[PDB]
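First structure 1, then structure 2: two forms of the same chain, each alone, as structure tokens.
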Structure 1
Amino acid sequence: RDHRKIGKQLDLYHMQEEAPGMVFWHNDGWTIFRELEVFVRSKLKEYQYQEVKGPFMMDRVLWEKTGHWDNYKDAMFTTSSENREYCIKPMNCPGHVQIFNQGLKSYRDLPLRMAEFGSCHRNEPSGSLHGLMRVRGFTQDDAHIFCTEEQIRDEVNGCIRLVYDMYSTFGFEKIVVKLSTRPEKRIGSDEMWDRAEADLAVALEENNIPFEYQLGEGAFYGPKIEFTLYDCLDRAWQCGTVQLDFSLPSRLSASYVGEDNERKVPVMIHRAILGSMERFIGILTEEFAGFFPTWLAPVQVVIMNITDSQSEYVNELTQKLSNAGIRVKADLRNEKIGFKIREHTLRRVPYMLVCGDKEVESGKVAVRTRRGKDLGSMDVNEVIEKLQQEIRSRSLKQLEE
């Protein structure tokens, strides 16, 4: 259950000194990352989020208008062009405000939900770098909600539901919650936080979610809720965050005309469910011990022949599953069937279809799982239907288990 070892055995990715903390995603590891994105996007559509994409660098001047330069200066990568300094973005927040600032906004537009899978970089100390868990280049399932204070509570409940919704898909049911409160050095009236923290606590209650407080550990711009997952070895992983922000929209001159024909500054919610996706893949790799559920498996099916006499039939079936949207590969090597099955099992390929003369004659396939299960012979289309259903529902378990 070490993701670094598994990542090498399954040829998912690799790292090297020429790019500390920046993942070289191989075909198979990138397939998992892309399927995660597909999954998140399905939630974006469901919970009604826009998806945008911001540039990787912006003038040091704009970053200074946020405050990110005092708190993050030491973690930002800077570069330049024609005598102007630019910072490689360490977060997507400012960029999303720039998008909001384009076009007159009114209460009729709020709540405005803006998501993005945009890579960020932080010049983390090389010594603290570790596999997919602590990196310099990372992509969070980031989003920002611009709303009025009268919408906050409903928005937080929206994020709450999404959290448990996504976590349950990967089998994570044990979730600990912590609501960090007002720190000594903050930006806002004690009155403000009273309402802010109230919103967070009431929202957690409307969902019956026990929680503890991390007194004085909120950000200077607002209180927050963090969700910590527990994997099968009972290890905790903080991944979810719902951060209220009462100072960023103001510093970047964001505003809208309220129903009271006046000009107000929207409230900004920062939320991420999985957190760093590179890290999340590392957590799942260890949680599944490399046995990724079929919807995430780099290669879902390998079809193999006994002798080069079923080769033609194997290719035929490989095209069918492929056209069916299944990640399938044909193993026509000159190796014994047991050698092939052993290899694909070690690679954790969910299903293996064996094709001997018997299967060719009947137009069926002998089905086996990576768990050593004999699933009998099946018609090609029965297999395809069963697999599409397992993939579509993102089922954690295979056929028969």
Structure 2
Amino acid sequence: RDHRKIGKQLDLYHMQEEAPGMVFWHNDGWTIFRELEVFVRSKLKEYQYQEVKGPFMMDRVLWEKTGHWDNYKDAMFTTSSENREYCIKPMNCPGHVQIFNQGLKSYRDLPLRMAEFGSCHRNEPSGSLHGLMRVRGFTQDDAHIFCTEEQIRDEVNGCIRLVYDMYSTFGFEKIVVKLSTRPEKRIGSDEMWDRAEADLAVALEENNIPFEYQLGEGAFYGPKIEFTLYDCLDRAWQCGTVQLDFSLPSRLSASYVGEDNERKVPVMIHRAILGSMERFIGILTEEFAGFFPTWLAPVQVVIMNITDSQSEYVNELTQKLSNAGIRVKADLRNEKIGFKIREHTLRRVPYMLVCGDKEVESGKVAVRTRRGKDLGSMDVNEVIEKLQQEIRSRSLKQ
């Protein structure tokens, strides 16, 4: 099953030729995107990250300084104002360094873990575009960690732990790890590259992760661990990545006062856990075939009456569920109950609540699922409590 067809069927998003690789998120697709942001934030809280927002564009001069212009030009969108050229950002790192550079920093501030849901644009050749997996405007669940050389091992380990921790929520069985080494166009000395490649290889082996080399595929600023996930046709897509950069901070004048009083340049680790939100949603859509786990489902519950005798009761339950934090809709249409059920089933709504007279009298609801399971009559507080529990726990199934 193809996420593109499922995305159309569940009204998640669309694209058009007046904006190639530019996603229009419809309400239900945007709901998923927003839930993933909530999830990422909850994890960024426990793993102790700041969250910032950098400028959408910056002067071409700044991108020249980083090496992005010489080592990354063709991918960049540019725009002008008052005789000055700007690049629309393809990466968030330089903005993060600019924020780091505001206010004197010391060893007391490190590791400084700076996250952003960073909207990037890259002028990917139009012939390489594919659904939500490869677009031109995407959002990374990005962060840069500023740390000392002594903190590299612990911070790289932390990023690797975060990847497997987050990925366990989604239950991915195939996670293939690559270590992408020095590309033909790069910055930093060969000696820097030897150290950075070794630090990553050693981090993988310490974490017991089998990996394959991807020779020459590292970033221009540093080598990359890549966590690869697979779509329905077993095509490989880079999602998670952890990268070690001994070059950009220096190019952007980042420094801090060390514990030993020597002013030094911080090491920077770049990482994304999901990758891009768009690509990750494309992957999830295929992984679940549109049957999103309840916490991610655009609409979690639909409540239906059989006739207008139960309209008032349906409205009452809908408000009760909505106040409980459940994404719930009432379907009060003048249509046969079996017509309504089929619509919501095809829409992959996890739970459907049917109210006839028997339900009104008893204060219960007849519960069924999008897999055709019939859970029979249930008391209303118990469905609320079970739903809340499965949402809060982000349960992979139920």
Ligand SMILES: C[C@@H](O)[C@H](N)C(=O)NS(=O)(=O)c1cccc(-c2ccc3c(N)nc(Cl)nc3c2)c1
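Residues that one form lacks are left out of the comparison. In this text, the rigid core denotes the largest set of C-alpha atoms whose superposition between the two forms falls within 1.5 Å. One-based numbering along structure 1's sequence throughout.
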Structure that is the form solved in complex with the named molecule (1 or 2):
2
Is the C-alpha displacement of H270 equal to or greater than 2 Å between structure 1 and structure 2 once the rigid core has been superposed?
no
Core-aligned, does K224 move its Cα 2 Å or more between structure 1 and structure 2?
yes
In whole degrees, what is the angle of rotation of the smaller rigid part relative to the larger one between structure 1 and structure 2?
14
After superposing on the core, C-alpha shift for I175 between structure 1 and structure 2 in angstrom
2.4
C-alpha positional change at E390 between structure 1 and structure 2 - rigid core reference, Å
0.4
Core-superposed CA shift of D70 between structure 1 and structure 2, in Å, is 1.2
Residue runs between structure 1 and structure 2 with every C-alpha shifted 2 Å or more, at least 3 long, rigid core fitted, in sequence order please.
173-224, 228-238
